[PDB]
file coords.cif (mmCIF, C-alpha atoms)
data_work
#
loop_
_atom_site.label_atom_id
_atom_site.label_comp_id
_atom_site.auth_asym_id
_atom_site.auth_seq_id
_atom_site.Cartn_x
_atom_site.Cartn_y
_atom_site.Cartn_z
CA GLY A 1561 -58.71 36.93 15.57
CA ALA A 1562 -61.39 34.58 14.31
CA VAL A 1563 -65.08 34.94 13.60
CA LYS A 1564 -67.70 32.17 13.68
CA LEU A 1565 -70.30 32.45 10.90
CA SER A 1566 -73.27 30.42 9.78
CA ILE A 1567 -74.04 30.94 6.11
CA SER A 1568 -77.16 29.62 4.41
CA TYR A 1569 -79.59 30.43 1.61
CA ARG A 1570 -83.33 29.76 1.64
CA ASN A 1571 -86.31 31.17 -0.27
CA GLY A 1572 -84.22 33.63 -2.32
CA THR A 1573 -82.48 35.09 0.72
CA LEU A 1574 -78.88 34.81 1.95
CA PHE A 1575 -78.58 34.50 5.74
CA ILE A 1576 -75.31 35.36 7.50
CA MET A 1577 -75.32 34.58 11.21
CA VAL A 1578 -72.52 36.35 13.05
CA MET A 1579 -72.04 34.15 16.08
CA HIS A 1580 -69.00 35.28 17.97
CA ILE A 1581 -65.45 36.47 17.65
CA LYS A 1582 -62.33 35.54 19.60
CA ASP A 1583 -58.89 37.14 20.05
CA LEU A 1584 -59.31 40.63 18.60
CA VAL A 1585 -56.19 42.75 18.95
CA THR A 1586 -55.75 46.50 19.27
CA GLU A 1587 -52.64 48.68 19.28
CA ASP A 1588 -53.74 50.87 22.18
CA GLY A 1589 -53.99 48.32 24.98
CA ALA A 1590 -57.67 49.09 25.55
CA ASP A 1591 -60.60 46.74 24.97
CA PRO A 1592 -62.46 47.70 21.78
CA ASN A 1593 -66.20 48.04 21.14
CA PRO A 1594 -66.53 45.66 18.20
CA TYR A 1595 -69.26 45.54 15.63
CA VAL A 1596 -69.33 43.61 12.35
CA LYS A 1597 -70.03 45.36 9.02
CA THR A 1598 -70.63 43.43 5.79
CA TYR A 1599 -70.95 44.25 2.12
CA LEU A 1600 -71.77 42.05 -0.83
CA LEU A 1601 -69.36 43.18 -3.53
CA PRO A 1602 -69.44 44.50 -6.17
CA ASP A 1603 -72.40 46.57 -5.08
CA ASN A 1604 -73.09 48.90 -7.99
CA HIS A 1605 -76.49 49.91 -6.60
CA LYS A 1606 -74.98 50.71 -3.15
CA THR A 1607 -77.52 48.77 -1.11
CA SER A 1608 -75.54 46.03 0.62
CA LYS A 1609 -74.21 47.57 3.87
CA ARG A 1610 -75.25 45.53 6.93
CA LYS A 1611 -74.10 45.88 10.51
CA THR A 1612 -74.46 44.19 13.84
CA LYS A 1613 -75.00 45.91 17.15
CA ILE A 1614 -71.99 47.05 19.13
CA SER A 1615 -70.53 44.73 21.74
CA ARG A 1616 -68.84 46.80 24.42
CA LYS A 1617 -65.37 46.62 25.97
CA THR A 1618 -64.38 43.17 24.78
CA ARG A 1619 -61.86 41.44 22.54
CA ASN A 1620 -64.14 38.37 22.51
CA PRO A 1621 -67.67 39.51 21.61
CA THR A 1622 -70.73 37.30 21.22
CA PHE A 1623 -73.28 38.65 18.76
CA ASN A 1624 -75.67 35.90 17.69
CA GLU A 1625 -76.99 38.36 15.13
CA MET A 1626 -78.32 37.58 11.69
CA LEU A 1627 -77.54 39.75 8.70
CA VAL A 1628 -79.95 39.35 5.80
CA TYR A 1629 -79.43 39.77 2.06
CA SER A 1630 -82.73 39.70 0.15
CA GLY A 1631 -83.33 39.54 -3.57
CA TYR A 1632 -80.20 37.75 -4.78
CA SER A 1633 -80.29 34.70 -7.01
CA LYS A 1634 -77.75 31.96 -6.38
CA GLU A 1635 -76.34 32.72 -9.83
CA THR A 1636 -75.79 36.36 -8.91
CA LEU A 1637 -74.16 35.38 -5.60
CA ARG A 1638 -71.54 33.24 -7.38
CA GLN A 1639 -70.09 36.53 -8.62
CA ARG A 1640 -70.25 38.26 -5.21
CA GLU A 1641 -67.83 38.31 -2.30
CA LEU A 1642 -68.92 38.80 1.32
CA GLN A 1643 -66.63 41.48 2.67
CA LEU A 1644 -66.72 41.26 6.46
CA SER A 1645 -65.08 43.96 8.60
CA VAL A 1646 -64.76 44.15 12.35
CA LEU A 1647 -64.44 47.72 13.66
CA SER A 1648 -64.35 49.35 17.08
CA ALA A 1649 -67.10 51.88 17.71
CA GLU A 1650 -65.51 54.97 19.26
CA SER A 1651 -67.21 58.12 20.49
CA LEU A 1652 -64.21 60.47 20.69
CA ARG A 1653 -62.12 59.34 17.73
CA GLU A 1654 -62.79 57.62 14.39
CA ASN A 1655 -64.11 54.06 14.44
CA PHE A 1656 -61.16 51.86 13.56
CA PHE A 1657 -60.50 48.56 11.83
CA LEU A 1658 -59.79 45.46 13.92
CA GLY A 1659 -59.72 42.76 11.25
CA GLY A 1660 -61.67 41.32 8.37
CA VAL A 1661 -62.22 38.44 5.99
CA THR A 1662 -63.46 38.36 2.40
CA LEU A 1663 -65.41 35.26 1.36
CA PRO A 1664 -66.22 34.55 -2.29
CA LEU A 1665 -69.72 33.02 -2.23
CA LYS A 1666 -68.90 30.67 -5.10
CA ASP A 1667 -67.02 28.59 -2.49
CA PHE A 1668 -70.23 27.78 -0.64
CA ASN A 1669 -72.80 25.06 -1.03
CA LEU A 1670 -75.82 27.34 -0.86
CA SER A 1671 -78.13 24.35 -0.64
CA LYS A 1672 -76.83 23.73 2.89
CA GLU A 1673 -75.89 25.64 6.05
CA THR A 1674 -72.15 26.14 6.44
CA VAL A 1675 -70.96 26.83 9.98
CA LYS A 1676 -67.28 27.49 10.64
CA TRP A 1677 -64.61 29.75 12.08
CA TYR A 1678 -62.79 32.16 9.79
CA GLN A 1679 -59.43 33.73 10.51
CA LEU A 1680 -59.45 37.53 10.52
CA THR A 1681 -56.71 39.49 8.80
CA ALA A 1682 -55.56 43.10 9.26
#

call {"tool": "encode", "arguments": {"input": "coords.cif", "output": "structure tokens"}}
result
Amino acid sequence: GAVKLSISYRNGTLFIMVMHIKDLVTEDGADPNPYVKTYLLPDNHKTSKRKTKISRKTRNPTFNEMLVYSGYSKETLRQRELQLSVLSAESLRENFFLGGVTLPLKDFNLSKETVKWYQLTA
């Protein structure tokens, strides 16, 4: 799969727009209920979990949801990685992992908005 993200930083705040995802795969032949969960790692204070809403019965969800990280300096973010996970929300069994990508923030020009597709790995 692949996820389209817009990443920007303004007024002390990191903005991660989760736009959409294509080509999720499951090993059960059923369409998943994807949501996106992010952390900013390391997270010693345990405050960085963010999640989108659930998109139902689709391998190609559109979210157009913004995840917000307040209170981080650009300096601090250079030593953080955005850990993005896509999971399927399940009511009768455990939520399970569909794919993910980890993005070191030092690779980003945080003075601009970076919009691109990222390949998901399992």

call {"tool": "resolve_selection", "arguments": {"input": "coords.cif", "expression": "the PyMOL selection byres ((chain A and resi 1666) around 10)", "output": "PyMOL selection string"}}
result
chain A and resi 1634-1641+1663-1665+1667-1670

call {"tool": "atom_distance", "arguments": {"input": "coords.cif", "atom1": "CA of residue 1587 (chain A)", "atom2": "CA of residue 1656 (chain A)"}}
result
10.7 Å

call {"tool": "residues_around", "arguments": {"input": "coords.cif", "residues": "residue 1657 (chain A)", "least_positions_apart": "4", "cutoff": "7 Å", "atoms": "all atoms listed in the file", "output": "ChimeraX atom specification"}}
result
/A:1646-1648

call {"tool": "closest_atom_pairs", "arguments": {"input": "coords.cif", "of": "region 1588-1642 of chain A", "to": "region 1562-1583 of chain A", "cutoff": "8 Å", "atoms": "only C-alpha atoms", "output": "JSON lines"}}
result
{"residue": "A:1596", "atom": "CA", "partner": "A:1578", "partner_atom": "CA", "distance": 8.0}
{"residue": "A:1619", "atom": "CA", "partner": "A:1583", "partner_atom": "CA", "distance": 5.8}
{"residue": "A:1620", "atom": "CA", "partner": "A:1582", "partner_atom": "CA", "distance": 4.4}
{"residue": "A:1621", "atom": "CA", "partner": "A:1581", "partner_atom": "CA", "distance": 5.5}
{"residue": "A:1622", "atom": "CA", "partner": "A:1580", "partner_atom": "CA", "distance": 4.2}
{"residue": "A:1623", "atom": "CA", "partner": "A:1579", "partner_atom": "CA", "distance": 5.4}
{"residue": "A:1624", "atom": "CA", "partner": "A:1579", "partner_atom": "CA", "distance": 4.3}
{"residue": "A:1625", "atom": "CA", "partner": "A:1578", "partner_atom": "CA", "distance": 5.3}
{"residue": "A:1626", "atom": "CA", "partner": "A:1577", "partner_atom": "CA", "distance": 4.3}
{"residue": "A:1627", "atom": "CA", "partner": "A:1576", "partner_atom": "CA", "distance": 5.1}
{"residue": "A:1628", "atom": "CA", "partner": "A:1575", "partner_atom": "CA", "distance": 5.0}
{"residue": "A:1629", "atom": "CA", "partner": "A:1574", "partner_atom": "CA", "distance": 5.0}
{"residue": "A:1630", "atom": "CA", "partner": "A:1573", "partner_atom": "CA", "distance": 4.7}
{"residue": "A:1631", "atom": "CA", "partner": "A:1572", "partner_atom": "CA", "distance": 6.1}
{"residue": "A:1632", "atom": "CA", "partner": "A:1572", "partner_atom": "CA", "distance": 6.3}
{"residue": "A:1633", "atom": "CA", "partner": "A:1572", "partner_atom": "CA", "distance": 6.2}
{"residue": "A:1634", "atom": "CA", "partner": "A:1572", "partner_atom": "CA", "distance": 7.8}

call {"tool": "axis_aligned_box", "arguments": {"input": "coords.cif", "around": "region 1670-1678 of chain A", "padding_each_side": "5 Å", "output": "AutoDock Vina command-line options"}}
result
--center_x -70.5 --center_y 27.9 --center_z 5.6 --size_x 25.3 --size_y 18.4 --size_z 22.9
